Amino acid sequence: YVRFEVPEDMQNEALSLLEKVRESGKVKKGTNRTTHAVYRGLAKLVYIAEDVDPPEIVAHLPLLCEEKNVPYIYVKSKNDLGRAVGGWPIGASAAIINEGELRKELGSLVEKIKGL
RNA sequence: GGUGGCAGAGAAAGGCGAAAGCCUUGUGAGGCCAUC
Ligand SMILES: [Mg+2]
Ligand SMILES: [Mg+2]
Ligand SMILES: [Mg+2]
């Protein structure tokens with residue numbers, strides 16, 4: 001149900017980046033708080049898992065991100081996404097709120113996301 | 001308890017059970033507010 005294919009090296013970079021931002025910035029795990037952050041203009045980068053069932057849970061997020069000028073990327077499993085964020089290791093979506101020390105790796109990854 | 005609104009937790013909570021253990025929880029546990 002993805003809107004564009006994300007190659008594995010980008011998914012790997014996105015998740016490694018989320019692990020680092022966890023340490024010095026601010027992350028939100030879960031679709032209700034991810035959606036809220038997007039709507040409030042506070043999300044820097046949104047992660048959407050591809051194995052979300054029922055898929056309607058995350059179906060509105062890509063469009064809302066585009067309307068809010070928020071870049072978003074898909075990753076393979078909500079388990080990988082949850083583990084990268086920490087805490088309870090499952091999440092259908094997540095958002096970076098504060099970039100911490102990773103502004104340059106994030107901007108470089110979003111450049112690649114637009115390239116797709 | 002119903003409805004509406006917050007917030008965000010797994011070395012974690014609440015539910016059921018004599019017990020074994022099971023159920024539910026970032027797909028939102030406990031909690032808070034308003035309202036019926
Ligand atoms: Mg009810
Ligand atoms: Mg309800
Ligand atoms: Mg509600």
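Note: hydrogens, waters and symmetry copies are ignored here, and every other heavy atom, side chains too, is used. Below, read A as the first sequence line, B as the second, and so on, with proteins coming before strands; counting in each chain starts at 1.
Comparing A7(B) with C33(B), their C1' atoms are spaced 11 Å from each other, to the whole Å. Rounded to whole Å, the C1' atom of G14(B) lies 11 Å from the corresponding atom of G31(B). Nucleotides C23(B) and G17(B) are separated by 11 Å at their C1' atoms, to the nearest Å. Taking atom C1' in both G28(B) and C6(B), one finds a spacing of 13 Å when rounded to whole Å. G30(B) and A13(B) have their P atoms separated by 13 Å, given to the nearest Å. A29(B) and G10(B) are spaced 10 Å apart, taking the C1' atom of each and rounding to whole Å. Separating the P atom of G15(B) from that of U35(B) is a span of 27 Å, rounded to the nearest Å. Between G26(B) and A9(B), the distance separating the two P atoms is 14 Å to the nearest Å.
At most 12 non-hydrogen atoms from other residues, nucleotides or ligands lie less than 6.0 angstrom from CD of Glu101(A). Applying the 6.0 Å contact sphere to CZ of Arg83(A) captures no more than 12 heavy atoms from other residues, nucleotides or ligands. Summarising the local packing, NZ of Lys114(A) is surrounded by more than 12 heavy atoms from other residues, nucleotides or ligands at distances under 6.0 Å. A 6.0 Å sphere centred on CG of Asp9(A) holds more than 12 heavy atoms belonging to other residues, nucleotides or ligands. Heavy-atom contacts from other residues, nucleotides or ligands closer than 6.0 Å to OH of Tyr39(A) number 12 or fewer.
When rounded to the nearest whole Å, the span between CG of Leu61(A) and P of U27(B) equals 10 Å. Rounded to whole Å, atom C1' of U27(B) lies 11 Å from atom OH of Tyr1(A). If you measure from atom CD of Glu50(A) to atom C1' of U27(B), you get 17 Å, rounded to the nearest angstrom. Rounded to whole angstrom, the span from the OH atom of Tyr47(A) across to the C1' atom of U27(B) amounts to 21 Å. Following rounding to the nearest Å, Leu18(A) (CG) and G26(B) (P) show an atom-to-atom distance of 18 Å. Rounded to an integer number of Å, the gap from NZ of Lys78(A) to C1' of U27(B) is 7 Å. Counting to the nearest Å, the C1' atom of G26(B) and the CZ atom of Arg22(A) are 15 Å from each other.
Contact check, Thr31(A) against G26(B): no side-chain N or O comes under 4.0 Å of OP1 or OP2. Listed pair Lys28(A) / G8(B) meets the phosphate criterion, a side-chain N or O lying under 4.0 Å from OP1 or OP2. Considering only side-chain N and O atoms, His36(A) lies nowhere under 4.0 angstrom from the phosphate OP1 or OP2 of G8(B).
Taking the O4'-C1'-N9-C4 or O4'-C1'-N1-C2 dihedral as appropriate, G4(B) has a value more than 90° from 0 and is therefore anti. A9(B): glycosidic angle beyond 90° from 0, hence anti.
With hydrogens and angles ignored, no donor-acceptor pair under 3.5 angstrom links the side chain of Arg33(A) to the base of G26(B). Remark: the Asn32(A) side chain and the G28(B) base include a donor-acceptor N/O pair separated by less than 3.5 Å.
At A19(B) the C1'-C2'-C3'-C4' dihedral is positive, so the sugar adopts a north, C3'-endo-type conformation. At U25(B) the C1'-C2'-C3'-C4' dihedral is positive, so the sugar adopts a north, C3'-endo-type conformation. The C1'-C2'-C3'-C4' torsion of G30(B) is positive. Its sugar is therefore classed as north. Sugar conformation at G26(B) is south: the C1'-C2'-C3'-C4' dihedral has a negative sign, consistent with the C2'-endo side.
Both distances falling under 3.5 Å, in either a Watson-Crick or a G-U wobble arrangement, occur for no nucleotide opposite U27(B). Base pairing of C32(B) is made with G5(B), judged by Watson-Crick or G-U wobble geometry with both donor-acceptor distances under 3.5 Å. Here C16(B) sits opposite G21(B) as a Watson-Crick or G-U wobble pair (both hydrogen-bonding atom distances under 3.5 Å).
Note on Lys112(A) versus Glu13(A): salt bridge recorded, some NZ/NE/NH1/NH2 to OD/OE distance being below 4.0 Å. A salt bridge links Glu105(A) with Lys20(A); the closest basic N to acidic carboxylate O contact falls under 4.0 Å.
In this structure, the side chain to side chain contact (heavy atoms under 4.5 Å, CB included) partners of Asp51(A), at least two apart in sequence or on a different chain, are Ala49(A), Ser77(A), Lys78(A), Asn79(A).
Of the N and O atoms on the side chains of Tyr72(A) and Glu66(A), at least one donor lies less than 3.5 Å from an acceptor on the other residue.
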**Prompt:** Given the rule in the ring pair (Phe, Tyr, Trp, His ring centres under 6.0 Å) test, do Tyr47(A) and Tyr74(A) qualify, once you have shown the distances and angles that lead to the verdict?
**Reply:** CA-CA 6 Å; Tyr47(A) 295 68; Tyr74(A) 301 96; over 10 Å; no
Grab the N/O contacts between the protein and nucleotides 10-15 of chain B below 3.5 Å, and write none if there aren't any.
none

**Asked** Tell me, for nucleotides 29-34 of chain B in 5' to 3' order, what letter each nucleotide earns: B for a base near a protein heavy atom under 4.0 Å, S for only sugar-phosphate near one, - for neither?
**Response** ------
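What you find for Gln11(A) and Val6(A) is that their closest heavy atoms are NE2-O, 2.8 Å. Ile97(A) and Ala43(A) make their closest contact through CD1-CA, 4.3 Å (heavy atoms, listed as atom of the first residue, atom of the second, distance).
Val52(A) comes within 4.0 angstrom of a nucleotide base, judged by non-hydrogen atoms across all strands. Counting any heavy atom pair closer than 4.0 Å across all strands shown, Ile57(A) reaches a base atom.
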